[PDB]
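**Student:** model the structure of this input:
(chains A and B)
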Amino acid sequence: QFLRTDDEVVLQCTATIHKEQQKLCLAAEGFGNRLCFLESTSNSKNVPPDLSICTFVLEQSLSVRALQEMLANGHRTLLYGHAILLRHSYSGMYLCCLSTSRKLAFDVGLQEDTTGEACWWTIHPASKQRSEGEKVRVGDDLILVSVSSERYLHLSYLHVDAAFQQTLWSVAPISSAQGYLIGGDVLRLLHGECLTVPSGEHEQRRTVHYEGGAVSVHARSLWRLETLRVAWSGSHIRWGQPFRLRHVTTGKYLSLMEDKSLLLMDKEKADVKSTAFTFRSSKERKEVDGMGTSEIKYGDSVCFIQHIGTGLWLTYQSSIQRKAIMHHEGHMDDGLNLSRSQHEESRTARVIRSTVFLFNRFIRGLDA
Amino acid sequence: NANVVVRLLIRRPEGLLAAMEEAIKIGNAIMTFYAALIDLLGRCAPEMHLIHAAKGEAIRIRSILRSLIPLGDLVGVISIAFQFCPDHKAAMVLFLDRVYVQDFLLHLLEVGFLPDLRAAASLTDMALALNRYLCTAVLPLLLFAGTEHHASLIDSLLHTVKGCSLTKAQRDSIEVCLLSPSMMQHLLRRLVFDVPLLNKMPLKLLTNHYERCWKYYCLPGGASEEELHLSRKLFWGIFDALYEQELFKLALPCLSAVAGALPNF
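**Tutor:** Residues are numbered from 1 along each chain as shown, chains lettered A, B, ... in the order given. Here you go, the structure:
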């Protein structure tokens, strides 16, 4: 219904390039990149978007009186005229305007410090249908205004930058229950011993195993769920809705081709019927607009994996190399239990691959 | 008013150093329109004092003025008045003055002022640039090339040594010498070559105004000190020639000041 502080939202502007409604989303990187860019969300049926780099968190929301005071040194609700503080929900930096250039605009990126007028944005309504002072609501196409640069958060032709011209910014809720599954987690897949992808120095690790020992703790066995919905993608997770599984350390999607194999293929090969699996309580709703209710607790769960297009059952075959293959029945051990991870492990996990993909570009540019 | 008009202007659109040059060969529309825009955007300055310094969001417009418009001002401060001509530069000096350090005073120096004493010798229509500029070249009152300026501008000032407006050009030199150091020390006896050529009364006032400030140079570093005696002797014999000495005899006892610090053409 409304938007509060400490919520999870996205910022999303829909442009049109030659009669193609492109719903671009705002995505900052961090850990080596002080500039924002655009994330495609329109073509989500064959190339899934990255979700961890486009969700934000509203931290505080003052009026201009309290901001000009505090600069001069619960869960509140937002009103059109408050200067808010966005922050990157993964990286932990605060979004702001910068004094760099790429025209008479300014560029937009993250910064760590919260003082100054740089990381503050007053919302502006973009209708006569709603006006000053009143309460925010879900899906209101709005404008953002820099407190420092006195400029509008403009989409230009593909720069996102702080300009004198205005553009729309639709928002969408993401999240807001302890011990249950929320779309966006990072978790291991326990067996008794957990699901694994092998060590480096190659295969390109595209095989999938079940293993035991210290590889339970290490950074290989990390999996991120990405549900098919754009808005409310950080809701609860209940049975029957499909979701992609992403390998976090490698950045390749866990894809089943029932003829060929169970492999890991890239974003541009991740088809909605190829890899969107679902768990079932047995081994034999669709969409709710909210964060839902509590479905799956972590230790008391038997999640049986089953495809949409084939409907098979991923069971282990016969190091510990019980390789997972989609069988038609499976044994009584496909009720894989779950174990969510903590924030620092996932924070290391994403930055590992983010540095790997830059070091390899450095290596090949040096060998060229 | 300033703030609101500035924001209004920035919504809309209107190489900005290329337009005043490319139209200069080519019908006086855009070269006047851009100079009027410069005059408007320079009139809406934040302040002229610590209101511009010790306050908030008077600096925001000041940042926007230099952020969408960096200077490139040589297309206006140099190339327009060397044959429209006086006024377009008179807007640009205001835009640079209100919004925009001791290196820059020598940067734009002798740009335009070299044509002054040249075109002053036909006193017409473009020689009313100087009667226009009797205030706006003086208001930047507030040795590498400075020896040129006391060369050139005094050679403009001696063009009249407009009528009561020459008092602005008088303080424009008497205060320009006062912030001197070796070339200005030689310039502390420059008008002695014209004090012998003195005997209108302004030629003697140009001697008297620098006469009192002459001793500050040889007080700091202490050839033509005997020539200063030679000018004092022409002043001692010229004192017998004569409010007639209100500008003369004020400097005559001040020649003991010229003896108190060291120890036309």
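
**Student:** can we go C-alpha only for contacts and neighbour counts from here?
**Tutor:** Will do.

**Student:** what residue in the stretch 51-200 of chain A comes nearest to chain B?
**Tutor:** Going by C-alpha to the nearest C-alpha, chain B is nearest to residue A:104 of the stretch 51-200 of chain A, at 4.8 Å.

**Student:** run a quick neighbour tally on the residue nearest to that residue when sequence neighbours are not counted.
**Tutor:** Of all residues not flanking residue A:104 in the chain, residue B:68 sits nearest, at 4.8 Å (C-alpha to C-alpha, 6 or more residues apart in numbering or on different chains). The tally of other residues near residue B:68 (other C-alpha atoms under 10 Å in any protein chain shown) stands at 12.

**Student:** for residue A:43, see how far away residue B:68 is.
**Tutor:** To residue A:43, residue B:68 is 37 Å away according to C-alpha to C-alpha, to the nearest Å.

**Student:** go on, residue A:172?
**Tutor:** From residue A:172 across to residue A:43, the span is 18 Å (C-alpha to C-alpha).

**Student:** who's in contact with whatever residue of the stretch 101-250 of chain B ends up closest to chain A?
**Tutor:** Here the stretch 101-250 of chain B gets closest to chain A at one residue, residue B:101, 22.2 Å apart by C-alpha to the nearest C-alpha. Contacts for residue B:101 (C-alpha atoms under 8 Å, 6 or more residues apart in numbering or on different chains) come out as none.

**Student:** that one belongs to a strand, doesn't it?
**Tutor:** No - remark: residue B:101 does not belong to a strand; assigned using DSSP: H, G, I helix; E, B strand; the rest coil, it is coil.

**Student:** hmm, back to that, which phi and psi does the residue of the stretch 51-200 of chain A closest to chain B have?
**Tutor:** phi -120, psi 50 (degrees, to the nearest 10).

**Student:** please apply the same query to residue A:35.
**Tutor:** phi -130, psi 150.

**Student:** these two touch, right, it and residue A:107?
**Tutor:** Yes - at 7.4 Å, residue A:35 counts as touching residue A:107 under the criterion of C-alpha atoms under 8 Å.

**Student:** what about residue A:229, which SS state?
**Tutor:** Once three-state DSSP is applied, residue A:229 turns out coil.

**Student:** burial count for it?
**Tutor:** Residue A:229 is flanked by 14 other residues according to other C-alpha under 10 Å.

**Student:** what helix or strand is the one residue in the stretch 251-368 of chain A that gets nearest to chain B on?
**Tutor:** When distances are taken as C-alpha to the nearest C-alpha, the stretch 251-368 of chain A reaches nearest to chain B at residue A:358, 33.9 Å away. According to DSSP states H and E, residue A:358 maps onto helix A:343-367.

**Student:** tell me which parts of the stretch 101-250 of chain A are close to chain B?
**Tutor:** Proximity of the stretch 101-250 of chain A to chain B, by C-alpha under 8 Å from any C-alpha of the partner chain, involves residues A:103, A:104, A:149, A:164, A:165.

**Student:** and the residue of the stretch 51-200 of chain A closest to chain B, how many neighbours?
**Tutor:** 13.

**Student:** check the one 3 residues further on too.
**Tutor:** Using other C-alpha under 10 Å, the number of residues around residue A:107 comes to 21.

**Student:** how about the spatially most central residue of chain A, secondary structure?
**Tutor:** In chain A, the residue lying closest to the centroid (C-alpha atoms, centre = their mean) is residue A:51, at 2.3 Å. Look at residue A:51: counting by three-state DSSP, its state is coil.

**Student:** what about the closest residue to it other than its chain neighbours, how many residues nearby?
**Tutor:** The shortest distance from residue A:51 to any non-neighbouring residue, by C-alpha to C-alpha, 6+ apart, is to residue A:226 (7.6 Å). Residue A:226: 23 surrounding residues under other C-alpha under 10 Å.

**Student:** ok so residue A:325 is a strand residue?
**Tutor:** Yes - checked against three-state DSSP, residue A:325 lies within a strand.

**Student:** just the helices from chain A, written as ranges.
**Tutor:** Along chain A, the segments classed as helices by DSSP state H run A:64-70, A:343-367.

**Student:** format the ones you listed as JSON lines; extra columns: distance to residue A:47 and mean neighbour count.
**Tutor:** Below are these laid out as JSON lines (distance: least, C-alpha to C-alpha, whole Å; neighbours: other C-alpha atoms under 10 Å in any protein chain shown):
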{"stretch": "helix A:64-70", "distance to residue A:47": "42", "mean neighbour count": "12"}
{"stretch": "helix A:343-367", "distance to residue A:47": "19", "mean neighbour count": "13"}
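
**Student:** okay if I get those as a markdown table plus distance to residue B:47?
**Tutor:** Output for the helices of chain A, formatted as a markdown table (distance: least, C-alpha to C-alpha, whole Å):
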| stretch | distance to residue B:47 |
| --- | --- |
| helix A:64-70 | 22 |
| helix A:343-367 | 49 |
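
**Student:** residue B:181 is nearest to which of those helices?
**Tutor:** Nearest of these to residue B:181, taken as C-alpha to C-alpha: helix A:64-70 at 48.9 Å.

**Student:** any part of the closest one near chain B?
**Tutor:** No - residues of helix A:64-70 contacting chain B under C-alpha under 8 Å from any C-alpha: none, with a closest distance of 10.2 Å.

**Student:** who does that helix touch, helix- and strand-wise?
**Tutor:** Helix A:64-70 sits against no helix or strand, with contacts defined as 3 or more C-alpha pairs under 8 Å, 6 or more residues apart in numbering or on different chains; DSSP states H and E.

**Student:** put the alpha carbons of that helix into CSV.
**Tutor:** Output of helix A:64-70 as CSV, limited to C-alpha atoms (Å, rounded to 0.1, in the frame of the first residue of the first chain):
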residue,chain,number,x,y,z
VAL,A,64,14.0,20.1,5.0
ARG,A,65,13.8,21.8,8.4
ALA,A,66,15.4,18.8,10.2
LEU,A,67,17.9,18.2,7.4
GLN,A,68,19.1,21.8,7.5
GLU,A,69,19.3,21.5,11.2
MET,A,70,21.2,18.2,11.3
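
**Student:** which parts of the stretch 51-200 of chain B are helices?
**Tutor:** Under the criterion DSSP state H, counting those that start in this stretch, the stretch 51-200 of chain B contains helices at B:59-68, B:74-77, B:85-99, B:104-107, B:113-119, B:129-136, B:146-157, B:166-174, B:183-186.

**Student:** got the angle for the third one vs helix B:129-136?
**Tutor:** Same thing as helix B:85-99. Here helix B:85-99 points in a direction 10 degrees away from that of helix B:129-136 (axes from the mean of the first three to the mean of the last three C-alpha atoms, to 10 degrees).

**Student:** and helix B:85-99, what does it pack onto?
**Tutor:** Judged by 3+ C-alpha pairs under 8 Å, 6+ apart, helix B:85-99 is in contact with helix B:30-43, helix B:59-68, helix B:74-77, helix B:129-136.

**Student:** if we can go back for a sec, quick one: residues contacting the residue of the stretch 251-368 of chain A closest to chain B.
**Tutor:** No contacts exist for residue A:358 under C-alpha under 8 Å, 6+ apart.
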